[PDB]
Every structure is written in C-alpha cells, then in structure tokens.
$ cat upload.txt   # compact mmCIF, C-alpha atoms
# COMPACT_ATOMS: atom_id res chain seq x y z
CA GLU A 1 -2.06 15.60 -1.49
CA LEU A 2 -2.80 12.48 0.54
CA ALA A 3 -0.30 9.71 1.33
CA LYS A 4 -1.23 6.00 1.41
CA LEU A 5 -0.55 3.66 4.35
CA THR B 1 -15.87 -12.94 -11.66
CA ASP B 2 -15.79 -9.99 -9.20
CA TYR B 3 -12.03 -9.64 -9.53
CA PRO B 4 -10.85 -8.18 -12.88
CA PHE B 5 -8.25 -10.82 -13.74
CA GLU B 6 -5.61 -9.66 -16.18
CA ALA B 7 -6.18 -11.28 -19.62
CA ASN B 8 -2.53 -11.27 -20.76
CA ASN B 9 -1.10 -13.62 -18.12
CA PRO B 10 1.80 -16.02 -18.88
CA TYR B 11 1.57 -17.37 -15.48
CA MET B 12 -1.67 -19.16 -16.19
CA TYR B 13 0.35 -21.62 -18.27
CA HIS B 14 2.87 -22.32 -15.53
CA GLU B 15 2.90 -25.29 -13.17
CA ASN B 16 3.66 -23.62 -9.86
CA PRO B 17 2.77 -19.91 -10.14
CA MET B 18 2.39 -19.54 -6.36
CA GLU B 19 5.95 -20.49 -5.37
CA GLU B 20 7.03 -18.26 -8.28
CA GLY B 21 4.83 -15.41 -7.07
CA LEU B 22 6.39 -15.74 -3.60
CA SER B 23 9.93 -15.64 -5.15
CA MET B 24 9.05 -12.59 -7.18
CA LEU B 25 7.82 -10.68 -4.12
CA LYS B 26 11.53 -10.21 -3.33
CA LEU B 27 13.49 -10.76 -6.59
CA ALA B 28 11.59 -9.34 -9.64
CA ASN B 29 8.75 -7.73 -7.88
CA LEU B 30 5.17 -6.65 -7.34
CA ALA B 31 3.33 -6.46 -10.73
CA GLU B 32 4.77 -9.83 -11.81
CA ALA B 33 4.27 -11.42 -8.40
CA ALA B 34 0.61 -10.24 -8.52
CA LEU B 35 0.15 -11.92 -11.96
CA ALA B 36 1.43 -15.21 -10.55
CA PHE B 37 -1.00 -14.99 -7.61
CA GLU B 38 -3.74 -14.01 -10.08
CA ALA B 39 -3.04 -17.26 -11.90
CA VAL B 40 -3.28 -19.29 -8.68
CA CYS B 41 -6.65 -17.65 -7.77
CA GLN B 42 -8.17 -18.49 -11.12
CA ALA B 43 -6.96 -22.08 -10.85
CA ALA B 44 -7.66 -22.78 -7.20
CA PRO B 45 -10.16 -20.06 -6.04
CA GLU B 46 -10.30 -21.74 -2.63
CA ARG B 47 -6.63 -21.12 -1.83
CA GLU B 48 -6.93 -18.44 0.78
CA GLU B 49 -3.18 -17.74 0.67
CA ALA B 50 -3.33 -17.12 -3.08
CA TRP B 51 -5.95 -14.40 -2.48
CA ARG B 52 -4.09 -13.04 0.53
CA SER B 53 -0.71 -12.65 -1.15
CA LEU B 54 -2.44 -11.09 -4.21
CA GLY B 55 -4.21 -8.53 -2.06
CA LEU B 56 -1.15 -7.44 -0.08
CA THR B 57 0.89 -7.31 -3.34
CA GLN B 58 -1.73 -5.15 -5.05
CA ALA B 59 -1.92 -2.70 -2.14
CA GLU B 60 1.92 -2.45 -2.23
CA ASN B 61 1.52 -1.87 -5.99
CA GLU B 62 -0.76 1.13 -5.38
CA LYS B 63 -4.11 -0.64 -6.08
CA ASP B 64 -6.27 -0.70 -2.95
CA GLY B 65 -9.35 -1.43 -5.12
CA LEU B 66 -8.04 -4.75 -6.29
CA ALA B 67 -6.39 -5.41 -2.91
CA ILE B 68 -9.77 -5.12 -1.22
CA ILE B 69 -11.56 -7.38 -3.73
CA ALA B 70 -8.79 -9.96 -3.20
CA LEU B 71 -8.58 -9.72 0.59
CA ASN B 72 -12.33 -10.11 1.00
CA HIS B 73 -12.06 -13.57 -0.64
CA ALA B 74 -9.23 -14.53 1.73
CA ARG B 75 -11.27 -13.21 4.64
CA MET B 76 -14.28 -15.37 3.69
CA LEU B 77 -12.00 -18.40 3.22
CA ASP B 78 -10.10 -17.95 6.48
CA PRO B 79 -11.59 -15.37 8.85
CA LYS B 80 -8.81 -15.91 11.37
CA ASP B 81 -6.09 -14.83 8.95
CA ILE B 82 -5.02 -11.75 10.85
CA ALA B 83 -2.79 -10.56 8.02
CA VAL B 84 -5.88 -10.18 5.74
CA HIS B 85 -7.75 -8.17 8.38
CA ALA B 86 -4.72 -5.87 8.95
CA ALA B 87 -4.41 -5.30 5.22
CA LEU B 88 -8.13 -4.68 4.93
CA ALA B 89 -7.89 -1.99 7.58
CA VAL B 90 -5.08 -0.30 5.62
CA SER B 91 -6.72 -0.31 2.16
CA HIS B 92 -10.10 0.85 3.51
CA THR B 93 -8.40 3.55 5.59
CA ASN B 94 -6.72 4.67 2.34
CA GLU B 95 -10.07 4.50 0.45
CA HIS B 96 -11.93 6.33 3.24
CA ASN B 97 -14.33 3.52 4.00
CA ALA B 98 -14.44 4.27 7.73
CA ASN B 99 -16.90 1.58 8.87
CA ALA B 100 -15.03 -1.20 7.12
CA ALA B 101 -11.64 0.07 8.22
CA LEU B 102 -12.83 -0.07 11.85
CA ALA B 103 -14.44 -3.53 11.37
CA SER B 104 -11.17 -4.80 9.88
CA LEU B 105 -9.18 -3.50 12.89
CA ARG B 106 -11.71 -5.08 15.31
CA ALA B 107 -11.60 -8.40 13.49
CA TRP B 108 -7.83 -8.17 13.25
CA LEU B 109 -7.66 -7.98 17.05
CA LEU B 110 -10.38 -10.42 18.13
CA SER B 111 -9.17 -13.13 15.70
CA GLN B 112 -6.08 -13.48 17.89
CA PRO B 113 -6.19 -16.00 20.76
CA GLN B 114 -4.07 -13.49 22.67
CA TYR B 115 -6.70 -10.72 22.60
CA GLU B 116 -9.99 -12.37 21.58
CA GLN B 117 -11.51 -12.26 25.08
CA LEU B 118 -12.08 -8.54 24.61
CA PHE B 119 -15.59 12.14 18.88
CA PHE B 120 -15.23 10.52 15.39
CA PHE B 121 -18.13 11.82 13.26
CA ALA B 122 -18.51 9.11 10.60
CA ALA B 123 -18.68 6.23 13.13
CA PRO B 124 -18.46 7.47 16.72
CA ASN B 125 -19.23 4.19 18.46
CA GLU B 126 -17.40 1.91 16.00
CA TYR B 127 -14.33 4.09 16.71
CA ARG B 128 -14.96 4.29 20.50
CA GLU B 129 -15.03 0.48 20.54
CA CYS B 130 -11.87 0.09 18.43
CA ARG B 131 -9.87 2.62 20.47
CA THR B 132 -10.95 0.92 23.70
CA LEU B 133 -10.25 -2.65 22.55
CA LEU B 134 -6.89 -1.72 21.02
CA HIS B 135 -5.81 0.33 24.09
CA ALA B 136 -6.92 -2.59 26.33
CA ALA B 137 -4.84 -4.93 24.16
CA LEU B 138 -1.90 -2.52 24.62
CA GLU B 139 -1.93 -2.96 28.41
CA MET B 140 -2.08 -6.71 27.99
CA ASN B 141 0.89 -6.40 25.59
CA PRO B 142 2.67 -2.99 25.60
CA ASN B 143 5.24 -4.22 23.11
CA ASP B 144 3.08 -5.83 20.41
CA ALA B 145 4.51 -4.01 17.40
CA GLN B 146 1.42 -4.89 15.35
CA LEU B 147 -0.79 -3.47 18.13
CA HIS B 148 1.05 -0.17 17.65
CA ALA B 149 0.69 -0.48 13.83
CA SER B 150 -3.10 -0.88 14.37
CA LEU B 151 -3.38 2.18 16.68
CA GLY B 152 -1.46 3.99 13.96
CA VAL B 153 -4.06 2.98 11.37
CA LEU B 154 -6.89 3.83 13.82
CA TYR B 155 -5.47 7.28 14.47
CA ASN B 156 -4.84 7.92 10.77
CA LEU B 157 -8.50 7.35 10.14
CA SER B 158 -9.34 10.04 12.79
CA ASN B 159 -6.56 12.45 11.64
CA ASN B 160 -4.74 12.25 15.04
CA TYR B 161 -1.43 12.01 13.16
CA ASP B 162 0.73 12.94 16.16
CA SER B 163 -0.53 9.93 18.18
CA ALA B 164 -0.40 7.64 15.14
CA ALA B 165 3.24 8.52 14.35
CA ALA B 166 4.18 7.89 18.00
CA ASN B 167 2.74 4.39 17.92
CA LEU B 168 4.20 3.72 14.48
CA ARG B 169 7.54 4.96 15.82
CA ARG B 170 7.41 2.44 18.73
CA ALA B 171 6.47 -0.12 16.06
CA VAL B 172 9.60 0.44 13.89
CA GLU B 173 11.84 0.32 16.99
CA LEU B 174 10.42 -3.22 17.58
CA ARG B 175 10.55 -4.11 13.89
CA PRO B 176 13.11 -1.85 12.12
CA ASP B 177 13.27 -4.10 9.00
CA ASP B 178 9.55 -3.94 8.27
CA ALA B 179 9.07 -1.95 5.09
CA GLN B 180 5.25 -1.89 5.56
CA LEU B 181 5.65 -0.25 9.00
CA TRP B 182 8.14 2.35 7.67
CA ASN B 183 5.70 3.37 4.89
CA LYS B 184 2.89 3.66 7.44
CA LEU B 185 5.03 5.93 9.64
CA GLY B 186 5.89 7.76 6.42
CA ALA B 187 2.28 8.36 5.30
CA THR B 188 1.36 9.35 8.87
CA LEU B 189 4.13 11.95 8.80
CA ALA B 190 3.26 13.17 5.25
CA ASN B 191 -0.46 13.44 6.06
CA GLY B 192 0.39 15.24 9.32
CA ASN B 193 2.38 17.86 7.36
CA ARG B 194 5.81 16.58 8.39
CA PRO B 195 7.01 15.83 4.81
CA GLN B 196 10.76 15.95 5.42
CA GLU B 197 10.36 13.49 8.27
CA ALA B 198 8.07 11.43 5.95
CA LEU B 199 10.85 11.04 3.36
CA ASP B 200 13.23 9.77 6.00
CA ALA B 201 10.64 7.03 6.78
CA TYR B 202 9.95 6.41 3.08
CA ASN B 203 13.68 6.14 2.44
CA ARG B 204 14.04 3.40 5.10
CA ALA B 205 11.08 1.64 3.46
CA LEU B 206 12.72 1.68 -0.03
CA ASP B 207 16.09 0.46 1.35
CA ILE B 208 14.28 -2.63 2.58
CA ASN B 209 12.13 -3.03 -0.55
CA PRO B 210 13.45 -1.26 -3.66
CA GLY B 211 10.35 -2.47 -5.65
CA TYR B 212 7.82 -0.94 -3.24
CA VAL B 213 5.75 1.12 -5.68
CA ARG B 214 3.37 2.52 -3.10
CA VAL B 215 6.39 4.06 -1.33
CA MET B 216 7.77 5.57 -4.53
CA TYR B 217 4.33 7.24 -5.19
CA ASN B 218 4.13 8.46 -1.61
CA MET B 219 7.61 10.01 -1.97
CA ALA B 220 6.46 11.74 -5.14
CA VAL B 221 3.41 13.07 -3.32
CA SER B 222 5.51 14.62 -0.55
CA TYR B 223 8.18 16.08 -2.87
CA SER B 224 5.28 17.61 -4.84
CA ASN B 225 3.73 19.03 -1.67
CA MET B 226 7.16 20.64 -0.98
CA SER B 227 7.30 21.79 -4.70
CA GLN B 228 10.56 19.91 -5.43
CA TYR B 229 9.28 18.75 -8.74
CA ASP B 230 12.50 17.29 -10.05
CA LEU B 231 12.70 14.98 -7.06
CA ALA B 232 9.01 14.16 -7.44
CA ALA B 233 9.49 13.49 -11.17
CA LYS B 234 12.36 11.07 -10.47
CA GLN B 235 10.21 9.00 -8.05
CA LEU B 236 7.27 8.80 -10.49
CA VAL B 237 9.44 7.58 -13.29
CA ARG B 238 10.54 4.80 -10.91
CA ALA B 239 6.88 4.34 -9.87
CA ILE B 240 5.46 4.07 -13.44
CA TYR B 241 8.27 1.81 -14.58
CA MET B 242 8.06 -0.50 -11.62
CA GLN B 243 4.34 -0.77 -11.43
CA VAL B 244 4.06 -2.17 -14.94
CA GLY B 245 7.08 -4.53 -15.54
CA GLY B 246 4.84 -6.52 -18.01
CA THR B 247 1.74 -5.55 -20.11
CA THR B 248 -1.62 -4.56 -18.76
CA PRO B 249 -5.23 -4.40 -19.95
CA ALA B 250 -8.70 -0.98 -13.94
CA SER B 251 -4.97 -1.42 -14.64
CA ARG B 252 -4.83 0.91 -17.61
CA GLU B 253 -6.52 3.40 -15.31
CA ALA B 254 -3.90 3.02 -12.48
CA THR B 255 -1.08 3.43 -15.02
CA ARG B 256 -2.74 6.36 -16.85
CA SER B 257 -3.60 8.13 -13.61
CA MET B 258 0.07 7.95 -12.60
CA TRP B 259 1.16 9.17 -16.06
CA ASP B 260 -1.30 12.01 -15.60
CA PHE B 261 0.05 13.04 -12.20
CA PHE B 262 3.63 13.03 -13.54
CA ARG B 263 2.56 14.84 -16.72
CA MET B 264 0.90 17.53 -14.65
CA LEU B 265 4.13 17.94 -12.70
CA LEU B 266 5.96 18.32 -16.05
CA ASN B 267 3.49 21.08 -16.94
CA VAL B 268 3.94 22.74 -13.56
CA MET B 269 7.76 22.72 -13.92
CA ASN B 270 7.65 24.31 -17.46
CA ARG B 271 8.66 21.36 -19.67
CA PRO B 272 6.01 21.45 -22.45
CA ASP B 273 8.27 19.25 -24.53
CA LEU B 274 8.29 16.53 -21.85
CA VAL B 275 4.55 16.98 -21.21
CA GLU B 276 3.69 15.88 -24.86
CA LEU B 277 5.96 12.83 -24.79
CA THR B 278 3.93 11.30 -21.86
CA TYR B 279 1.10 10.37 -24.19
CA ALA B 280 3.42 7.89 -25.93
CA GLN B 281 3.53 6.02 -22.58
CA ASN B 282 7.30 5.18 -22.76
CA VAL B 283 9.06 5.70 -19.39
CA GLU B 284 12.68 5.23 -20.43
CA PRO B 285 13.17 8.66 -22.10
CA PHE B 286 12.03 10.16 -18.78
CA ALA B 287 14.40 7.86 -16.85
CA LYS B 288 17.21 9.42 -18.90
CA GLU B 289 15.91 12.98 -18.60
CA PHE B 290 15.60 12.63 -14.81
CA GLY B 291 18.98 11.08 -14.10
CA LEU B 292 17.82 7.50 -13.54
CA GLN B 293 19.48 5.71 -16.48
CA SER B 294 22.22 6.27 -19.09
$ encode --input "upload.txt" --output "structure tokens"
Amino acid sequence: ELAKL
Amino acid sequence: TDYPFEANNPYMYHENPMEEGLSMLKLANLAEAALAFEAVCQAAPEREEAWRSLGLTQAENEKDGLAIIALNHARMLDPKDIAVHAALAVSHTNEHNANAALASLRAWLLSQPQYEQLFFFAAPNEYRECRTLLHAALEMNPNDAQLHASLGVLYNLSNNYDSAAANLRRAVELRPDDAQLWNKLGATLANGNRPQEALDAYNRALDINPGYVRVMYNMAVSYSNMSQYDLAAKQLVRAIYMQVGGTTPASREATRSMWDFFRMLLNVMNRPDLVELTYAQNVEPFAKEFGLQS
C-alpha cells in the first residue's frame, strides 16, 4: 500500500 | 461553508482558541489543536494563519481532504505564504492531483524573494518546468533544505523514489529535528520498496513528534506490506486513539476507514474474536491486547 508524505 | 466544520466544538466558546491551538500542536496534540483552529476560522475567516495551521494540522492528522480545503483559503488570503504552498504540494501529491501538486511547488518557489526571478505523462510540461526551476534554484542555493524537500515531493509525484530519497536525505542532514522531513523521507522509502529503511525514518519522525498520526499510519502501512501484522496492529491502535482524542461527527469516515484497515489486519492474522470487537469502536481493549497499556 501507499505511504503519505 | 465549503469546509465541514465539526459541530461538537468546545473551542468555539473559548476566548483565545488560536494560542491554545498552537500550544496543543506540541502538548496535547493534533485533533484537539485542529478543533481550536477550526474555531478561529469560523470566528475570523480572514485570519490566514488560522486556516494555515488548521490545514497543516489536518494533513498531519491523516486528512489531506480537509487540509486542502483549509490551505486553499490561506492561499487566497496570503499567496506569498510559502508554508501553505509547500503543504498544498504535499497533500495534492498524496491525493494524486498532479497538476495542482506541480502548481503548488511552482508557487512555493516563485513566492520567495530569493528565487522569484525564475517524460511525466499526466503533465509533461508542468513537470519539465518544475524540475527546471527547482534545479535552477538548487544551484543558486545548494543547501536550501526546503529546496531538497521540494525536489523530494516533485520526484515522488513522478515515482523517481531513488532521487527523491537522496534529496530528502540531504534535507534531514540540514534539518535533523524536522519531523515533517523525516516522514517525507520515510514515505519516499516505503513507496520505493525500502520499508525497513522507511521505519528508521518514521521512527525518527515519531521521536520528534509522538502525536504525529500520519507517521503512525505510515508505519502501519509498511509493517503490513512486510506482513508483520502485530507491529502494524500496534501502530494502528496508536493511530486510531490519537486521531480522535475528542468526539467527531468526513471525520466519521476517516476514523471508520482506519478501523476498517485495522479490522482487516485482525482478520488476516486469524483473530475473529478481535475482528468483531472493532465494531464497538473502543480502542482501549486493543491497546491492552497489543501491549500498549496495562
């Protein structure tokens, strides 16, 4: 899954 | 009326919710600080810094949606607030609004007296321009830590995670106490399939800001990618707990979506008993079950 900056 | 203000807000009554909001950013933390700023925005809609602080707080609280709504007010009210532009670039990058992300990076740069004089499918030229302006800024000022942060965001948007992490790495050497920058390096590393390295970054970020809910969720994401579901569980208990503090009628949906992610992990790790108890919405029993509290 995608991590958030 | 475009921002979904929280109805149950004790901070609307208060006399000085902004100074309180600013105290809570460090000492209680994000959900409560956001409520305080929410109260200031309702009362004095023209206070750019009320909108700005709310937007950055919301993004840190895992709500880019509301962040964006908020920061766009601040941006209208003071278009030279570089902090709002930088934050806009981050939330949009996260929300995959490429054009806006690039326009927020451009604006972030050209709103600075220092730098104002100055293939990616979704927006080839917008990106070309950004990469050129930002790289030109970098030879004016090779050690602007925020220039490196911005190249990091740029390169995240184009999935050049190697080059992003390099710039974000130079950035944390210049500013090793910046939790924001650590998270960014963290997400860069996670998204570039370097999850163990990501956690190192995320762990620096939490040491600086133990209420940084976005970082806790990120950590859960990476531990889940590496199928270490107990560690993931632990971070999502902290995430769910921290992101509420108070009581929250948009917000329901952020909370529930996090409960759902954790619940799905409980299913994946074979705890049917713990899966059912999520519906109740009480975090504490999970804090105890996952070694967080007595």
$ residues_around --input "upload.txt" --residues "residue 1 (chain A)" --least-positions-apart "6" --cutoff "10 Å" --atoms "only C-alpha atoms" --output "mmCIF file with C-alpha atoms, in the frame of the given file"
data_model
loop_
_atom_site.group_PDB
_atom_site.id
_atom_site.type_symbol
_atom_site.label_atom_id
_atom_site.label_comp_id
_atom_site.auth_asym_id
_atom_site.auth_seq_id
_atom_site.Cartn_x
_atom_site.Cartn_y
_atom_site.Cartn_z
ATOM 1 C CA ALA B 190 3.260 13.170 5.250
ATOM 2 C CA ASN B 191 -0.460 13.440 6.060
ATOM 3 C CA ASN B 218 4.130 8.460 -1.610
ATOM 4 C CA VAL B 221 3.410 13.070 -3.320
ATOM 5 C CA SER B 222 5.510 14.620 -0.550
ATOM 6 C CA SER B 224 5.280 17.610 -4.840
ATOM 7 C CA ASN B 225 3.730 19.030 -1.670
#
$ interface_residues --input "upload.txt" --of "chain A" --to "chain B" --cutoff "6 Å" --atoms "all atoms listed in the file" --output "PDB file with C-alpha atoms, in the frame of the given file"
ATOM      1  CA  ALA A   3      -0.300   9.710   1.330  1.00  0.00           C
ATOM      2  CA  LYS A   4      -1.230   6.000   1.410  1.00  0.00           C
ATOM      3  CA  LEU A   5      -0.550   3.660   4.350  1.00  0.00           C
TER       4      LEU A   5
END
$ atom_distance --input "upload.txt" --atom1 "CA of residue 81 (chain B)" --atom2 "CA of residue 164 (chain B)"
24.0 Å
$ residues_around --input "upload.txt" --residues "region 119-122 of chain B" --least-positions-apart "6" --cutoff "8 Å" --atoms "only C-alpha atoms" --output "PDB file with C-alpha atoms, in the frame of the given file"
ATOM      1  CA  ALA B  98     -14.440   4.270   7.730  1.00  0.00           C
ATOM      2  CA  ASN B  99     -16.900   1.580   8.870  1.00  0.00           C
ATOM      3  CA  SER B 158      -9.340  10.040  12.790  1.00  0.00           C
TER       4      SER B 158
END
$ atom_distance --input "upload.txt" --atom1 "CA of residue 237 (chain B)" --atom2 "CA of residue 265 (chain B)"
11.7 Å
$ axis_aligned_box --input "upload.txt" --around "region 95-107 of chain B" --padding-each-side "6 Å" --output "JSON"
{"center_x": -13.0, "center_y": -1.0, "center_z": 7.9, "size_x": 19.7, "size_y": 26.7, "size_z": 26.9}
$ residues_around --input "upload.txt" --residues "residue 274 (chain B)" --least-positions-apart "4" --cutoff "10 Å" --atoms "only C-alpha atoms" --output "VMD selection string"
chain B and resid 263 266 to 267 270 278 to 279 285 to 286 289
$ atom_distance --input "upload.txt" --atom1 "CA of residue 78 (chain B)" --atom2 "CA of residue 112 (chain B)"
12.9 Å
$ residues_around --input "upload.txt" --residues "region 139-148 of chain B" --least-positions-apart "4" --cutoff "6 Å" --atoms "all atoms listed in the file" --output "tab-separated table (two decimals) with C-alpha atoms, keeping the file's coordinate frame"
chain	number	residue	atom	x	y	z
B	167	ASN	CA	2.74	4.39	17.92
B	168	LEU	CA	4.20	3.72	14.48
B	171	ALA	CA	6.47	-0.12	16.06
B	174	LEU	CA	10.42	-3.22	17.58
$ residues_around --input "upload.txt" --residues "residue 154 (chain B)" --least-positions-apart "6" --cutoff "9 Å" --atoms "all atoms listed in the file" --output "ChimeraX atom specification"
/B:89,93,101-102,105,127,130-131,160,164
$ build_atoms --input "upload.txt" --residues "region 103-117 of chain B" --atoms "N, CA and C atoms" --output "PDB file, in the frame of the given file"
ATOM      1  N   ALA B 103     -14.020  -2.130  11.230  1.00  0.00           N
ATOM      2  CA  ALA B 103     -14.440  -3.530  11.370  1.00  0.00           C
ATOM      3  C   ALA B 103     -13.287  -4.482  11.045  1.00  0.00           C
ATOM      4  N   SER B 104     -12.354  -4.013  10.234  1.00  0.00           N
ATOM      5  CA  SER B 104     -11.170  -4.800   9.880  1.00  0.00           C
ATOM      6  C   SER B 104     -10.157  -4.758  11.042  1.00  0.00           C
ATOM      7  N   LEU B 105      -9.928  -3.589  11.617  1.00  0.00           N
ATOM      8  CA  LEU B 105      -9.180  -3.500  12.890  1.00  0.00           C
ATOM      9  C   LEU B 105      -9.763  -4.301  14.076  1.00  0.00           C
ATOM     10  N   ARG B 106     -11.076  -4.244  14.281  1.00  0.00           N
ATOM     11  CA  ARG B 106     -11.710  -5.080  15.310  1.00  0.00           C
ATOM     12  C   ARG B 106     -11.476  -6.565  15.099  1.00  0.00           C
ATOM     13  N   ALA B 107     -11.808  -7.031  13.902  1.00  0.00           N
ATOM     14  CA  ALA B 107     -11.600  -8.400  13.490  1.00  0.00           C
ATOM     15  C   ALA B 107     -10.141  -8.780  13.571  1.00  0.00           C
ATOM     16  N   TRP B 108      -9.255  -7.861  13.228  1.00  0.00           N
ATOM     17  CA  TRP B 108      -7.830  -8.170  13.250  1.00  0.00           C
ATOM     18  C   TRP B 108      -7.458  -8.555  14.665  1.00  0.00           C
ATOM     19  N   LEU B 109      -7.941  -7.768  15.626  1.00  0.00           N
ATOM     20  CA  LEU B 109      -7.660  -7.980  17.050  1.00  0.00           C
ATOM     21  C   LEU B 109      -8.299  -9.248  17.626  1.00  0.00           C
ATOM     22  N   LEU B 110      -9.610  -9.361  17.466  1.00  0.00           N
ATOM     23  CA  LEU B 110     -10.380 -10.420  18.130  1.00  0.00           C
ATOM     24  C   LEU B 110     -10.214 -11.802  17.461  1.00  0.00           C
ATOM     25  N   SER B 111      -9.546 -11.847  16.321  1.00  0.00           N
ATOM     26  CA  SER B 111      -9.170 -13.130  15.700  1.00  0.00           C
ATOM     27  C   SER B 111      -7.874 -13.716  16.272  1.00  0.00           C
ATOM     28  N   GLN B 112      -7.279 -13.019  17.232  1.00  0.00           N
ATOM     29  CA  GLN B 112      -6.080 -13.480  17.890  1.00  0.00           C
ATOM     30  C   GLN B 112      -6.427 -14.101  19.232  1.00  0.00           C
ATOM     31  N   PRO B 113      -6.017 -15.366  19.450  1.00  0.00           N
ATOM     32  CA  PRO B 113      -6.190 -16.000  20.760  1.00  0.00           C
ATOM     33  C   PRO B 113      -5.722 -15.090  21.897  1.00  0.00           C
ATOM     34  N   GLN B 114      -4.614 -14.391  21.668  1.00  0.00           N
ATOM     35  CA  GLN B 114      -4.070 -13.490  22.670  1.00  0.00           C
ATOM     36  C   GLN B 114      -5.075 -12.444  23.152  1.00  0.00           C
ATOM     37  N   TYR B 115      -5.847 -11.868  22.244  1.00  0.00           N
ATOM     38  CA  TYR B 115      -6.700 -10.720  22.600  1.00  0.00           C
ATOM     39  C   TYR B 115      -8.201 -10.936  22.391  1.00  0.00           C
ATOM     40  N   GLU B 116      -8.593 -12.115  21.921  1.00  0.00           N
ATOM     41  CA  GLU B 116      -9.990 -12.370  21.580  1.00  0.00           C
ATOM     42  C   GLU B 116     -10.982 -12.172  22.740  1.00  0.00           C
ATOM     43  N   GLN B 117     -10.542 -12.313  23.981  1.00  0.00           N
ATOM     44  CA  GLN B 117     -11.510 -12.260  25.080  1.00  0.00           C
ATOM     45  C   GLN B 117     -12.247 -10.932  25.071  1.00  0.00           C
TER      46      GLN B 117
END
